[PDB]
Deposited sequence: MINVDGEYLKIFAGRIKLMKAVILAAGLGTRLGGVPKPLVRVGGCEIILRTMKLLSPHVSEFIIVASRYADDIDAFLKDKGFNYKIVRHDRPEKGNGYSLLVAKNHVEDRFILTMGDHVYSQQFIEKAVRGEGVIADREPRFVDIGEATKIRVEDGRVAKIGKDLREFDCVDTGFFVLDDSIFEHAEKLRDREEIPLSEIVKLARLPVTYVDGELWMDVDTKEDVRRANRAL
């Protein structure tokens, strides 16, 4: 799997700086992604200065991209990262914890990384996915019919911005809405250790 940029959504103590097992959430993700990543694009808002200060002495090649609309959602944060990426790129959440085993499989994937065997997360509370012909048909926390769970990890193409731009003029831009509109391919990474902190 060739080197690519990794976009970390850290906008809207900040959640990326919460320590899980003695290590900040964002630091765990960056350490695990670093052998596969040329540059980290960290999209942040109010805590951009706090994250930048934390990361300064860490030894990673990173850029903080700031916006002023945390209320516009994760889909808006992806649109703000458009000019900082080209071709295939990793997209992840700054509030999710992933194991090395999860990361090693996920970086080799395409589209949304989905879990058919969630071992840690509560299925009822999780963002669910209904798959049709290896692509996202339905996505949401309240799906009644579903086959897998959204892990908040993605391997995206520049073609994602074509779908995200269609929602550019809306009040809230949910990332799940872009995923559905793009009919994103699904890659299964089953039963590996991953969890969200909220």
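- Unmodelled regions of the deposited chain sequence (numbering from residue 1, in sequence order): 1 to 15, 28 to 34, 221 to 232.
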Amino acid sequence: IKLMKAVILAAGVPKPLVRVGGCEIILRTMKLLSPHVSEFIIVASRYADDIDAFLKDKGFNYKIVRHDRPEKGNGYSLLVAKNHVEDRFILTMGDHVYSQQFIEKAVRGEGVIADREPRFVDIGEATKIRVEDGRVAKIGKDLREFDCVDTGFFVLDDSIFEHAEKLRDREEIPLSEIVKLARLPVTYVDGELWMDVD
From here on, numbers count along this sequence of modelled residues.
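- Look at the mean CA B-factor for 45 to 53 and for 161 to 169 in the entry; the higher one is 161 to 169.
- Stretches 17 to 25 and 181 to 189 differ in mean C-alpha B factor, with the higher average recorded for 181 to 189.
- In this entry, the residue among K82, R116, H96, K128 with the greatest C-alpha B factor is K82.
- Placement of the Cα temperature factor of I1 within the chain: highest third of the modelled residues, per the deposited record.
- When the modelled residues of the chain are ordered by their C-alpha B factor, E39 lands in the lowest third.
- In the deposited entry, the Cα temperature factor of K63 sits in the middle third of values across the chain's modelled residues.
- The deposited CA B-factor of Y76 belongs to the highest third of values across its chain.
- When the CA B factors of the chain's modelled residues are split into thirds, the value for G134 lands in the highest one.
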